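Only one chain is given next, in structure tokens, and it is the form deposited in one PDB entry.
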């Protein structure tokens, strides 16, 4: 192949007295005529290279034929109807259907009909206590602004004019009287307020509940009324970290607000109440969270009592049918325990395997609960759970064109350089031979307290069908083992994340799953940095590298507005000489060196992106093309139907990967 010429400039930056050259500084401007022309030239070379792969079209057709299929959500009762979401596989928005006792299901609310291009999406859905009126908000695609519409459920017609100027709001009813919502604007800046809208009145008359006086000023406020209509819980926060919480007893007239938590030093949220007892989920004095109870009449932190004490695993709580479900992440997969409201453990719920769950949410009187389950080998499946007996039955199998029994997903654990034990989930078609020849993709992220929990993806399923192995490592920096796991992958410990990933690659080879020339590494954003770091430190470790939307220039990433929010995880080159030396020591852009033979690489990024600027990918690819000395191609694919786009991208990635591994024909018949 022949790369486009990339002009080199003379920009030199200085950090604590050390000079650093940046010859591709001009590529930081993704909107200049010069950069846009370079983008066009790079895509031309990339497409021309991919066009020589004989089976690229076969891969694309295979993905295209398995990409769209019908979906259905769990049913929920409101009034005399059971409601459930469905998607025929083609419509952009899920449709809400309903069905009553002895009649066929019917469409109730189809969001696709509200927008010409079907971008208007339903956000919040909240029925009145009796199920007769529906309050729902719509997001006109991308905008944070909202309107709360009120619909008469029986006639499906509007009850009254929609509420306007709603933002970052929930919708919570007080019986059938009206509901609480949040807005920055007085109904008649940055001070979010809770209002109560009474049905049958004009919005301009909505009563202010919280947020207007100086002592209540907060950037984000929320309000929830308990299912039994006894308590109103108002949350107030200025950031995603910590919130104050107040409670009002609605069983009394003009009750004052009592303070459940008066500082922002911890997160605390309502689970439910039973009588005058509040059940709260919190991380106060409990990083992995705990479930506490306290009387609503004297609810402060000093009075909270543990119902479900903090454990070594992170806790999430669901409630339904008169039970509490404590969900724990154990080695990146879900476990669920059922408790009564008195704190007695009823049983451990027997899940279908190791994966990710959703559900176990219901009303106090729901006769059954539903939960979803999926993992890398199993498409999302719905199950029915009988609360008292604990019996579980399949409710809805997935319509995805993949048979679960055809795939295997196993959890292994390996050791990193420093001895740390790290989880690794490996998936593939049943009947894989550990002869080290399997085409393998190793995926990781490693940062920002992000936990990589199993999730099903058509793209991955197709890779497995092509004979591939897909491995995901739960590297440090993530939140799989809580705060300490995250911290061990930040700032001057970031190298730990890369060491964890290198050790996973070494493990996949040693255990016989693959070998160097049959291994690809992949990751996106912070995961793109991961791929960039590992391929510049160990270019001999893998045959293919796939860094997507990566943060690759670690010395200047913070000078872009979105990067100013990742300081906790990365630190910046303006922090201190030590932090500067550390970043320069691993910064992918600054560690590509002339003379080195890099693996075949396909850098991916959108042409314009304000979250992770294309500058990182552009400069990184330019440097790889200038410095690489071996026979492997260093390509960049710049993305400029969105489903067609996604199918096209997966086809290019898989065709490139197998082709670079030397496959003349696909490993398995298409």
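Residue numbers count along the first chain shown, from 1.
In at least a third of the other compared PDB entries of this protein that cover both flanking sides, residue 188 is left without coordinates.
Across the other PDB entries of this protein whose models span the neighbouring residues, residue 641 goes unmodelled in a third or more.
In terms of unmodelled positions of the deposited sequence, the stretch from residue 188 to residue 189 in this entry skips 4 to 9 residues. The segment from residue 640 to residue 641 is interrupted, since 4 to 9 residues of the deposited sequence in that interval carry no coordinates. The mean C-alpha temperature factor is higher for 554-562 when 554-562 and 343-351 are set side by side. Stretches compared: 288-296, 147-155. Higher mean C-alpha B-factor in the entry: 147-155. Based on the entry's C-alpha B-factors, the most elevated value among 131, 482, 175, 222 belongs to 482. Residue set 432, 280, 247, 308: peak C-alpha B-factor at 432 (per PDB entry). For residue 28, the recorded CA temperature factor ranks within the middle third of the chain's modelled residues. The entry lists a Cα temperature factor for residue 659 that places it in the middle third of the chain's modelled residues. Split the chain's modelled residues into thirds by C-alpha temperature factor. Residue 209 is in the lowest one. Among the modelled residues of the chain, residue 419 sits in the highest third by CA temperature factor in this PDB entry. Ranked within its chain, residue 538 lands in the middle third, by CA B factor from the PDB record.
Omitted from view is the form deposited with a partner chain bound, to which the following refers.
Proximity to the partner chain in the bound PDB entry, taken as heavy atoms within 4.5 Å, picks out 283-291 from the listed stretches 438-446, 72-80, 556-564, 283-291.
The candidate site formed by 266, 312 and 483 is fully in contact with the partner chain in the bound PDB entry, as each residue has a non-hydrogen atom within 4.5 angstroms of it. In the bound PDB entry, the partner chain lies within 4.5 Å of some heavy atom of residue 479.
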